[PDB]
Every structure is written in structure tokens, then in C-alpha cells.
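Colleague:
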Amino acid sequence: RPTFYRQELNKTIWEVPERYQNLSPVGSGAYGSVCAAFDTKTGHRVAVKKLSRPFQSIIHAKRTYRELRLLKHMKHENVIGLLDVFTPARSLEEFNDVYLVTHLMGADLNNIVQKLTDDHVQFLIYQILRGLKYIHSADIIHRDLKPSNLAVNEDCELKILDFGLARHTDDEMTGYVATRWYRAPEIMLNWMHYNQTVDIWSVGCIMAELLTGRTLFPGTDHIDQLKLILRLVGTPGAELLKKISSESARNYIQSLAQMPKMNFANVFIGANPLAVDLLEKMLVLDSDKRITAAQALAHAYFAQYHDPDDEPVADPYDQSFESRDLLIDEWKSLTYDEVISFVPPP
Ligand SMILES: NC(=O)NOCc1ccccc1
Ligand SMILES: [Cl-]
Ligand SMILES: [Cl-]
Ligand SMILES: [Cl-]
Ligand SMILES: [Cl-]
């Protein structure tokens, strides 16, 4: 066990191993607090998050376990990775606080989206799809891909962030808000059971915005956003209408006048024809028919970067716990086991 030291950072008591030095606050929220630090063992600048109230309810305790399970699994160049997890507790009986450590990320895709060449868009979207092939191979769905969740460094290298965090509230999804502009229509409106194809819709929205500099579907509310979507991709045919299980949602959609799919070459004026082709294969209303991440990596738009021998898949991820019912202290004991069993990366 390392030696820990204590200090108070903006009304919070932080107790961390000696290896972490020069702590300084970076952010706060309902989730907890974050500090930047220097890791003397590895030489990295790191971000350290102290969870707030990790075991205060069954829902909170299960969420803490979920976040730790997801972060411990992710071992890919284009996905956030866990550098360390620790607790000052010396036994399960005194276990209360959880600290998570990752690389310090500077800019997200907002902080750049600058003047992006088509070569920049190729490389950025290639890296998102390489990370998604990995995530999807483990049956993990992100559900919240947007520019603020994509970290980028000075060399244009990209990582996908935000796994296992608290679900977005109803009020966070209301009105003229980027928290909804990238969501697939079937999850925005609870049309049906969704699956991993929801993430490819988000990639299409991100790629369009990198090419134009403008939000693709900046709706002022759920219904305005759906109208913007159907104007571009067309109203649904009877094939897709069958698959909408909500009779109420089906009824509403049929109340709208029918519209054909627009010509994407006239929407994305001047863009690479191969980029236009890929956007048409991502932004398909029927999720059954969207291109997958593994398929999109092989599209000609990425010929400069595609290497099928360096696009790895994930180890299997057992998420049977998600359907399991447990008491607060049982979720907490499961979390404790995962803290003490952590093996740092090479
Ligand atoms: N869950 C997730 O995707 N990231 O949260 C882990 C984390 C965030 C900031 C600083 C240190 C660790
Ligand atoms: Cl130490
Ligand atoms: Cl503790
Ligand atoms: Cl965003
Ligand atoms: Cl597993």
C-alpha cells in the first residue's frame, strides 16, 4: 500500500498517494470534483476524479460499479483508458471514497471545430469509427457521442470519452441544447428498442458539422428537431412505420405531410463526393439499414488510413450485472473488489 497525504482543495478533502503531486482544481459538478496532477511514477500529467456520494442509494451504488467496470475494460488507442483507481480505506468496512485517474485531456472537438481540411475530417472521423468498432465489438453502446465527448491533442489524435456517467435528466434534454442535437431519432422519441446503430447516426451529425462548420440539426425542441431531420432524410415509408412500436409515435408521424429525401450533394456543396456518399449511408432513418462501424472503416473515403490489421476488437464484456438486483452494500462490496484487483497498464 502506498503512503497517502491529505489536503483541502476548494472545500474538498483529498487523500491521495504520494506519487500524485501539484494538485489543482479543474472542475466540479453533481458527479464530484476533478483535479489536474503530475504523476511522478509515469511522468504523465493526469486528471484525478473524486466521486461524490458514490454509495448513497442503490441507483448511485450500481452506477459507481458500472463506471468502474466500463473504465477497467477499455484498452484501445481511441478510447479513454484507466491509469489508476484507488481508495485510502484499508478495509471494506471503512470503504467510502473512490478516486479515478486518467490522462489529462486538453481540447475537445468543440475547442477546435479552426479551419478543417478534408484531410482533417478524414482522420478525425476515421479515429471515431476505429474506436466505435472496438466498443461495439464488446456490445457496449455509447448513446451520447457529441463533440464535447471527443478529446483531441495537437497531433489531431482523438479519444472517445464519457462511459457510465449519470443519465441525462429530462430538463437537460429540453429546448435549444447540444445535449440532444446529435441523438438518433429513435432514442430521442422512444420509437422502439434501440441498439448500437444509434452511435452511427451521431457520427454522421458530427462529420457534417466538421465539413460545414454548422450544427446539422439544431432543433429548438424535440419536435422542431424531428422536422429538421425528416426534411433532409425524408419521411418514413411503411416498412419503417411497422417497426415503431409506440402507436402514439406512429400516429404522430403519419400526421406529417410526406417529403422525399433531399439531394445531399446540394446540401453539402463543394464537399468530397466520397464524404457525401458516406453521409448518405450513415444518416439513414431506418436503423436496420445504416452502415456499421466495421463497414464504414472500409469505405473509400478512408483509403489513406484504413488498415484492417490495425483495427482491433475488444475482449468480451460481461454485463450480466445490469439485470441483477442487489442491496447497496452488495454493490459496494463488488466495487471494492474491483478497486483492489486493478492492474495498471504496462
Ligand atoms: N467515466 C468516464 O468516462 N470518465 O470519468 C473518469 C474520469 C474523469 C475525469 C478525471 C478522471 C477520471
Ligand atoms: Cl505513491
Ligand atoms: Cl475511504
Ligand atoms: Cl457538444
Ligand atoms: Cl467481463
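Under the deposited numbering, residues 5 to 117, 120 to 352 are what the sequence shown spells out, in order.
Built from N, CA and C at the ideal position, the CB exists for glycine as well.
Among the residues of its own chain, which have a CB less than 6 Å from the CB of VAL290, if the five just before and after it don't count?
Modeller: The residue labelled residue 290 in the question sits at position 284 within the sequence shown. Excluding positions up to five away in sequence, the list reads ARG296.
Colleague: So for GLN60, helix, strand or coil by DSSP?
Modeller: By one-based count along the sequence shown, residue 60 stands at place 56. Reduced to three states, the DSSP call for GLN60 is coil.
Colleague: Could you check if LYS165 belongs to the surroundings of ligand 4, using beta carbon to heavy atom distance under 7 Å?
Modeller: As a working note, residue 165 is residue 159 in the sequence shown. No, the Cβ of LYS165 stays beyond 7 Å of every heavy atom of ligand 4.
Colleague: Near ligand 2, which residues have their beta-carbon less than 5 Å from any of its heavy atoms, given in chain order?
Modeller: In chain order, the hits are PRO6, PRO21, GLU22 and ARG23.
Colleague: Run through the region 14–97 for me and flag every whole beta strand (DSSP E) of 3 or more residues, listed as ranges in chain order.
Modeller: 16–21, 24–33, 36–43, 49–55 and 88–90, all fully within the region 14–97.
Colleague: Between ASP343 and ligand 5, is there a pair consisting of the residue's CB and a ligand heavy atom that are separated by less than 7 Å?
Modeller: As a working note, residue 343 is residue 337 in the sequence shown. Flag unset: Cβ of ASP343 not near ligand 5.
Colleague: Kindly give me the distance between the Cβ atoms of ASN82 and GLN133, rounded to whole angstroms, as I take these residues to be in contact under 8 Å.
Modeller: Taking the first residue of the sequence shown as position 1, residue 82 is located at position 78. Taking the first residue of the sequence shown as position 1, residue 133 is located at position 127. Yes, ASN82 and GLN133 are in contact; Cβ-Cβ is about 5 Å, under 8 Å.
Colleague: Using the Cα positions of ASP316 and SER143, report the straight-line distance between them to the nearest angstrom.
Modeller: Translated into the one-based positions of the sequence shown, residue 316 becomes position 310. Translated into the one-based positions of the sequence shown, residue 143 becomes position 137. If I take the Cα positions, the gap works out to 15 Å.
Colleague: Which same chain residues, not among the five before or five after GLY170, have their C-beta less than 8 Å away from its C-beta?
Modeller: Stepping through the sequence shown from its first residue, residue 170 is reached at position 164. Cβ within range, chain order: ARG67, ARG70, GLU71, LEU72, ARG73, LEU74 and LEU75.
Colleague: Would you call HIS148 buried or exposed, if buried means 16 or more other Cβ atoms sit within 10 Å of its Cβ?
Modeller: In the sequence shown, counting from the first residue as 1, residue 148 sits at position 142. Flag for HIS148 reads buried.
Colleague: With distances taken between CB atoms, is the gap from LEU284 to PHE274 smaller than 8 Å?
Modeller: Locating residue 284 in the sequence shown gives position 278, where the first residue counts as 1. Locating residue 274 in the sequence shown gives position 268, where the first residue counts as 1. No, these two residues do not count as a Cβ contact at 8 Å.
Colleague: Just how far apart, CA to CA, sit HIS126 and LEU216?
Modeller: In the sequence shown, residue 126 corresponds to position 120, counting from 1. In the sequence shown, residue 216 corresponds to position 210, counting from 1. Taking the straight line joining both Cα atoms gives about 9 Å.
Colleague: Following the continuous beta strand (DSSP E) through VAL158, name the residue where it begins and the one where it ends.
Modeller: Translated into positions along the sequence shown, residue 158 becomes position 152. Element bounds for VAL158: 156–158.
Colleague: Can you name the start and end residues of the beta strand (DSSP E) that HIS107 belongs to?
Modeller: Walking along the sequence shown from the start, residue 107 turns up at place 103. Note, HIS107: beta strand (DSSP E), 103–107.
Colleague: To which residues of the same chain is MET268 closer than 6 Å at the C-beta, ignoring the five residues directly before and after it?
Modeller: Locating residue 268 in the sequence shown gives position 262, where the first residue counts as 1. Hits under 6 Å: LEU238.
Colleague: Where does the unbroken alpha helix (DSSP H) through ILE131 begin, and where does it stop?
Modeller: Within the sequence shown, numbered from 1, the residue matching residue 131 stands at position 125. Per DSSP, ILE131 belongs to the alpha helix (DSSP H) from 124–143.
Colleague: Can the beta-carbon of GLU178 be found closer than 8 Å to that of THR185?
Modeller: Start at 1 with the first residue of the sequence shown, and residue 178 comes out as number 172. Start at 1 with the first residue of the sequence shown, and residue 185 comes out as number 179. The answer is yes: Cβ separation under 8 Å.
Colleague: Are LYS54 and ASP112 touching if we call contact CB-CB under 8 Å?
Modeller: Here residue 54 corresponds to residue number 50 of the sequence shown, with the count starting at 1. Here residue 112 corresponds to residue number 108 of the sequence shown, with the count starting at 1. Cβ distance not < 8 Å, so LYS54 and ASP112 don't count as in contact.
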